[PDB]
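Before any comments, here is the structure.
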Amino acid sequence: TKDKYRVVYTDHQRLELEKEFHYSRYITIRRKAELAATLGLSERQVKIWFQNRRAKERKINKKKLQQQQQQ
DNA sequence: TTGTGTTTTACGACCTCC
DNA sequence: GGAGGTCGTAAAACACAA
């Protein structure tokens, strides 16, 4: 696990994760392992980041929908 | 400032998967 | 035979109108 209490990821670390997310919204066990290793993060952090990004996507989609219902 | 609204990490609870 | 999915939320970090 990781705690005390949350760490900020570097702009470069975020960038790579965003790219990879555009490549696929679900990361494979292998990919996860490549990415962790090259980014200096744990597999679990990568797991979780992918979970959060999908939640963010759901949240942005609901809003897109709420606007479209109103225009 | 500061306040107060939002975004980013990280969790636990609970659930699906032959 | 345990992994990863959602979800709601805590708290740190950031955005920025007043």
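Here the first sequence is numbered in the deposited numbering, starting from 185 and rising by one per residue.
Just so you know, even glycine gets a beta-carbon here, dropped at the ideal spot from N, CA and C.
Exposed or buried, what is residue i when buried is set at 16 or more other beta-carbons lying within 10 Å of its beta-carbon?
i	result
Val230	buried
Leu201	buried
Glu241	exposed
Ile211	buried
When the Cα atoms are used, what is the spatial distance from residue i to residue j?
i	j	result
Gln255	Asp187	44 Å
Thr185	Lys246	31 Å
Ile244	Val191	24 Å
Between residue i and residue j, which are expected to be in contact by the criterion C-beta below 8 Å, what is the C-beta distance as a whole number of angstroms?
i	j	result
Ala217	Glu227	6 Å
Checklist entry - Would you call the stretch 247-254 and the stretch 213-224 in contact, with 3 or more CB pairs under 8 Å? => result no
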